[PDB]
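S.K.: I'd like to ask some things about the structure below.
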Amino acid sequence: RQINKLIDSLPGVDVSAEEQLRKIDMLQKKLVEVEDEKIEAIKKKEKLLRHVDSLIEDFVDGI
Amino acid sequence: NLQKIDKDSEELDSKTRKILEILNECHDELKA
């Protein structure tokens with residue numbers, strides 16, 4: 001019984017090799033896109049940080 | 001009333017001063 005319920009849960013059964021080969025391709029792409037988005041964000045945040053830091057530096061007493 | 005107001009006003013300016021101090025003290029620990 002177990003071995004079947006597992007064979008049913010076994011992944012990929014229904015799907016084709018092509019229906020997969022593209023799904024991977026896509027994920028590869030949509031993945032680059034998301035990293036460029038990540039990069040950009042990171043930069044923008046660090047710029048924001050630089051801004052805050054500058055401010056804080058100018059509130060210091062001692063030369 | 002005027003005495004209240006004035007007392008307040010001075011107290012506030014005090015807090016502002018008190019903060020500027022700290023900034024300078026930080027500046028010291030950081031520079032000197």
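Residues in the structure tokens are named by chain (A, B, ... in the order shown) and by number from 1 within that chain; ligands are numbered from 1 in the order shown.
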Skipping near chain neighbours, those fewer than 4 positions away, what residues fall within 12 Å of region 43-56 of chain A using only C-alpha atoms, listed as a ChimeraX atom specification?

M.R.: /A:36-39,60-61 /B:23-24,26-27

S.K.: Kindly export the residues of the current selection with N, CA, C and O atoms, as a compact mmCIF listing (two decimals), in the first residue's frame.

M.R.:
# COMPACT_ATOMS: atom_id res chain seq x y z
N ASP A 36 18.52 41.01 -10.38
CA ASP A 36 18.84 42.37 -10.77
C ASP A 36 17.98 43.28 -9.91
O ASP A 36 18.40 44.34 -9.49
N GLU A 37 16.75 42.86 -9.64
CA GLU A 37 15.87 43.65 -8.80
C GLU A 37 16.45 43.72 -7.40
O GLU A 37 16.32 44.72 -6.72
N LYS A 38 17.06 42.63 -6.97
CA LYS A 38 17.63 42.57 -5.64
C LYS A 38 18.80 43.51 -5.57
O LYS A 38 18.91 44.30 -4.65
N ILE A 39 19.68 43.40 -6.56
CA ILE A 39 20.86 44.24 -6.63
C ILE A 39 20.44 45.68 -6.48
O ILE A 39 20.79 46.36 -5.52
N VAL A 60 27.89 65.18 15.62
CA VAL A 60 28.92 64.87 16.60
C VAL A 60 29.72 66.09 17.13
O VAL A 60 30.07 66.98 16.35
N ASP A 61 29.98 66.11 18.45
CA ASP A 61 30.77 67.14 19.16
C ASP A 61 32.20 66.65 19.46
O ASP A 61 32.40 65.72 20.25
N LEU B 23 25.89 65.26 21.65
CA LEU B 23 26.45 65.13 20.31
C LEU B 23 27.93 65.45 20.36
O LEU B 23 28.75 64.67 19.87
N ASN B 24 28.29 66.57 20.98
CA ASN B 24 29.70 66.96 21.08
C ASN B 24 30.52 65.92 21.83
O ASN B 24 31.61 65.56 21.41
N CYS B 26 29.93 62.81 22.01
CA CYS B 26 30.09 61.68 21.12
C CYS B 26 31.22 62.05 20.17
O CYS B 26 32.20 61.31 20.03
N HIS B 27 31.10 63.21 19.54
CA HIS B 27 32.11 63.69 18.61
C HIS B 27 33.51 63.57 19.21
O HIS B 27 34.46 63.23 18.51

S.K.: As number ranges by chain, please: every residue in chain A that a backbone DSSP assignment puts in alpha helix (DSSP H).

M.R.: A: 2-9, 17-57

S.K.: Counting only C-alpha atoms, a student should be able to say which residues of chain A come within 9 Å of chain B; what is the right answer, written as a ChimeraX atom specification?

M.R.: /A:57-63

S.K.: Can those selected residues be exported to a file as a CSV table (one decimal), in the first residue's frame so that it contains N, CA and C atoms?

M.R.:
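Contents of the output file again.csv:
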chain,number,residue,atom,x,y,z
A,57,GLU,N,26.8,61.9,11.3
A,57,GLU,CA,28.2,62.3,11.4
A,57,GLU,C,28.3,63.8,11.8
A,58,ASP,N,27.4,64.6,11.2
A,58,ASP,CA,27.4,66.1,11.4
A,58,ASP,C,26.7,66.5,12.8
A,59,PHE,N,26.3,65.6,13.6
A,59,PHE,CA,25.7,65.9,14.9
A,59,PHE,C,26.7,65.7,16.0
A,60,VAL,N,27.9,65.2,15.6
A,60,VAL,CA,28.9,64.9,16.6
A,60,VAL,C,29.7,66.1,17.1
A,61,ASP,N,30.0,66.1,18.5
A,61,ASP,CA,30.8,67.1,19.2
A,61,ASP,C,32.2,66.7,19.5
A,62,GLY,N,33.2,67.3,18.8
A,62,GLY,CA,34.6,66.9,19.0
A,62,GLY,C,35.4,66.9,17.7
A,63,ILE,N,35.7,68.1,17.2
A,63,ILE,CA,36.5,68.3,16.0
A,63,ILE,C,35.7,67.8,14.7

S.K.: In Å to one decimal, how far is CA of residue 5 (chain A) from CA of residue 18 (chain A)?

M.R.: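 It comes out at 25.7 Å.
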
S.K.: Rounded to one decimal in Å, what is the spacing between CA of residue 2 (chain B) and CA of residue 14 (chain B)?

M.R.: 18.0 Å
